[PDB]
Amino acid sequence: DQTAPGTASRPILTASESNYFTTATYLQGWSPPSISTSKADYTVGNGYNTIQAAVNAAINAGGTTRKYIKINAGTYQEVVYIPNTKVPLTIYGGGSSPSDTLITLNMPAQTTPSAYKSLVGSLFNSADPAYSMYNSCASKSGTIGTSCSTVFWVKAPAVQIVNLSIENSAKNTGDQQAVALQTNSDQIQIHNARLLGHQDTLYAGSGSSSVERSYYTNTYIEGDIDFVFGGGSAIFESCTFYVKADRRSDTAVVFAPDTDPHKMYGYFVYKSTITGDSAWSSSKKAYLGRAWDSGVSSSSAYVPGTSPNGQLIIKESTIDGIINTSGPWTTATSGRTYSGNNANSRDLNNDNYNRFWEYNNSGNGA
């Protein structure tokens, strides 16, 4: 139900409260440029035979002018690493549909460093601008871990990712994490894209910046567990979130924010659709979210105001009947039980409760 203030298991913003949470408000003064893939400075398939090589060319050439990297339609089994740079980059697929350009690997966090080297090592020379990223993953022991599982890794501000598909196809056990896209910087724009995985598909805001903003438009994102997770200020407008049933069909969760308690703006889902495989429709065993209580050992170790306290608003979106309609928010990764504040008067930034809220959603799951 969408009546404010809601229930302790499903709090709903008041009309007045809703006015504090809008695209403009989450943008925090950032005015995103129009995406306009109007040219190709570097073309993978007409000048570059790996994507990394085109990225490297654009970064190494320097300057302040936005550079456009076109990726010809095709399937690319490689990583794409954007190290920190002042060059604004737009990387876009050359096909008619974003499904026509696919960057994909089966590369879970559990991947050994030797296997990682075999899989991607030939993309990197020690002189290249992203070598330190590669080497930091290559130099691990045992497993590369969650950050190093990332297929497309953005550590530069002002990157635009457009009209393409990024996939980490690892579904080898029910315990594997495998990141498709990871963003670590401010002013990232993802438009008309498809982000595919299972657990930890999209690492949205992996960095420490107080202001680390990303804007997703017209984008399709799938997974089953914590498939949109992290700490950025991330806006998702006209997006689709799809809970897959092909790896698992017991107990899914979409969002896992670890938003800093002093950060007002975590995740904003607006005019979007939350849906999934039919199995969940009859199951109702998916959750909209849980807190990623990063660095918190147990529920006993949670310090209100210091520990992360994930922030998420789903507003004016379609929620299909795939979720637990009475209790869509589940236990945090720490074991900290979900607690919703449904008092008529309240502080939406209070850290003694979770910060998961809705306003004016519709559909069978609303």
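Our numbering is plain: 1 for the first residue shown, then up by one each step along the chain.
The deposited model was determined using X-ray crystallography, 1.8 Å.
Keep in mind that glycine also has a Cβ here, set from the backbone N, Cα and C atoms.
The annotation disulfide bond is assigned in Swiss-Prot to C137-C148 on the grounds of experimental evidence. Counting Cβ atoms from all protein chains shown, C137 (disulfide bond) has 22 others lying within 10 Å of its own Cβ. Following the DSSP three-state reduction, the secondary structure of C137 (disulfide bond) is helix.
Contacts of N163 (N-linked glycosylation site) defined by a Cβ separation under 8 A and a same-chain sequence distance of 6+ are given as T37, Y92, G93, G94, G95, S97, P98, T101, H191, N192, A193, in order along the sequence. Annotated N-linked glycosylation site per Swiss-Prot: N163 (among others), in sequence order, evidence recorded as sequence analysis.
In this structure, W292 (substrate binding site) belongs to neither helix nor strand by DSSP; it is coil. Using a 10 Å Cβ-Cβ cutoff, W292 (substrate binding site) registers 22 neighbours. Annotation comment: Swiss-Prot describes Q177, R290, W292 as substrate binding site.
Positions annotated as site 'Transition state stabilizer' by Swiss-Prot: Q199. Take the CB of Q199 (site 'Transition state stabilizer') and look out to 10 A: across all protein chains shown you find 28 other CB atoms. According to DSSP, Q199 (site 'Transition state stabilizer') is assigned to a strand segment.
For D200, the entry in Swiss-Prot reads active site, proton donor, with the evidence type similarity to another entry. Of all Cβ atoms in the shown protein chains, 28 besides its own fall within 10 Å of the Cβ of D200 (active site, proton donor).
Mapped onto three states, the DSSP output places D226 (active site, nucleophile) in strand. The C-beta environment of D226 (active site, nucleophile), restricted to residues of the same chain at least 6 apart in sequence and closer than 8 Å, consists of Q199, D200, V253, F255, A256, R290, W292, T333. For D226, the entry in Swiss-Prot reads active site, nucleophile.
Just so you know, the Cβ of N324 (N-linked glycosylation site) picks up 18 other Cβ atoms within 10 Å once every protein chain is counted. In the three-state DSSP reading, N324 (N-linked glycosylation site) counts as coil. Swiss-Prot lists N324 (among others) with the feature N-linked glycosylation site.
What Swiss-Prot lists as N-linked glycosylation site is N360 (among others), and the listing cites sequence analysis. The DSSP secondary structure for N360 (N-linked glycosylation site) is coil. Around the Cβ of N360 (N-linked glycosylation site), 15 further Cβ atoms fall within 10 Å across all displayed protein chains.
When the C-alpha distances from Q177 (substrate binding site) to the recorded positions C137, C148, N324, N360 are tabulated, the minimum falls on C148. Taking the centre of the Cβ atoms of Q177, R290, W292 as the substrate site, the nearby residues of that chain (Cβ within 8 Å, site residues left out) are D200, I225, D226, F229, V253, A256, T333. For the recorded site, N163 (N-linked glycosylation site), the DSSP three-state label reads coil.
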